[PDB]
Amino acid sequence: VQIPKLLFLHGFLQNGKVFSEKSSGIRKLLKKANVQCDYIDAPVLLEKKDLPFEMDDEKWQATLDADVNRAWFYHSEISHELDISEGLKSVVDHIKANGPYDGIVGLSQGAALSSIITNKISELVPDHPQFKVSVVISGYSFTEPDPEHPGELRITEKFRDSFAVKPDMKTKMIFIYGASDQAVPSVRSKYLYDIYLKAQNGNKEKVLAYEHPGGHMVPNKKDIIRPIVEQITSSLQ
């Protein structure tokens, strides 16, 4: 005490409260291991037209009532169109005011953003050290078709620096993805995992991957979340 602290970044169409509810199992284990888990809300307030999937008026009202019409950034299928400035500043401001944080945990948009923040934390928040641990749940990077490599993807130029990982990072990366996930197919999370693995010269003790059988969700099954939490707590020691 003060005990280690992790910052949790939710996914598209959630908020801090809902993410806390969805991550209750992992949070229970971390709290038992004397780790503090902080949840914050994404700043981009969505209108119905900003949804990339169908939803009726009733379900949209329900979304409004729950205060979950939120994103870290507007969705686009075209990576060069993405703008993370507001969401990034929101998290950075929070860390400035409430840090330092020993680690970070992100889901889907929150995981794309948490990965970028992991890469850049010491530049974004002067005097803040590297994270000890970064947990990337159903994450992805801002890829596009590679013109000279049909069928292959590259990171869009706007975000090349953002997803660049320096060699010899102290941070332990923990990737989590669901085998059934169709919102963010695991190929995207593995693509991002590979960037870290390469930067760490193939060291699977520093860059870890856990696949669960489920879909686009924070996993809760004992046999998956226990080893994950063990890896987090061991990095914090």
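Note that residue numbering follows the sequence shown and begins at 1.
Look at the C-alpha B-factors of 40-48 and of 170-178. On average they run higher in 40-48. Per-stretch averaging of Cα B factors for 199-207 and 58-66 places 58-66 on top.
Looking at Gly103, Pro126, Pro150, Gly87, the one whose CA carries the top B-factor in the deposited record is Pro126. Placement of the Cα temperature factor of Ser141 within the chain: lowest third of the modelled residues, per the deposited record. The entry lists a Cα temperature factor for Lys221 that places it in the highest third of the chain's modelled residues. Placement of the Cα temperature factor of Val165 within the chain: middle third of the modelled residues, per the deposited record. Placement of the Cα temperature factor of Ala97 within the chain: highest third of the modelled residues, per the deposited record.
Per the PDB record, residue ranking by Cα B-factor puts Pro227 in the highest third of the chain.
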